[PDB]
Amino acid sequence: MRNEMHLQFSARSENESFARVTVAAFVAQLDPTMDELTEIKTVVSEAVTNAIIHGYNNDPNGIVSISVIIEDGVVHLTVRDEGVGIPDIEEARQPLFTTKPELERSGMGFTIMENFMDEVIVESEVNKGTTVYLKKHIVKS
């Protein structure tokens, strides 16, 4: 099977929960583990939050863009923002690394993404935006 979904919303914190719910519903069609679902919910949270607090520095006029395509047991998740961008993507991936520690940011986001999914590709250009591609095969019993 092949099913695609595209969601666009305002860069607002309430919507982090919103995206988690939406994505989870869309991926439920693959009848995955509760852990697989939780992992997928978490990752969506990490990426969407990043886009909001880092990408748009909490400016509610920014447009977070998520798009999930599920097919033959694999999930292709994409979170994108036309925001600030990431200067050194390699540096930012380091566990515990953060550029906003005074905001109680733990620097665990990316480390969680890379571990809850099978593959993570981060692409970004300063001042253009950031795009996070997350792949994931859903074990089917």
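When you see a residue number, it is the position in the sequence shown, counting from 1. For the two forms, the rigid core is made up of the largest set of C-alpha atoms that agree within 1.5 Å on superposition.
Of the two segments 103-111 and 22-30, the one whose CA positions lie farther from the displayed form in 4 other deposited structures of this protein, once all are superposed on the rigid core, is 103-111. Relative to its counterpart among 65-73 and 98-106, 98-106 has the higher mean temperature factor, C-alpha atoms as listed in the PDB entry.
The PDB entry reports B-factors from which the mean C-alpha value can be compared for 74-82 and 52-60; the larger average falls on 52-60. Per the deposited record, the Cα B-factor of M113 falls in the middle third when ranked against the other modelled residues of its chain. Among the modelled residues of its chain, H6 has a C-alpha B-factor that falls in the lowest third according to the deposited record. Ranked by C-alpha B-factor against the other modelled residues of its chain, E14 falls in the highest third. When the modelled residues of the chain are ordered by their C-alpha B factor, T22 lands in the lowest third.
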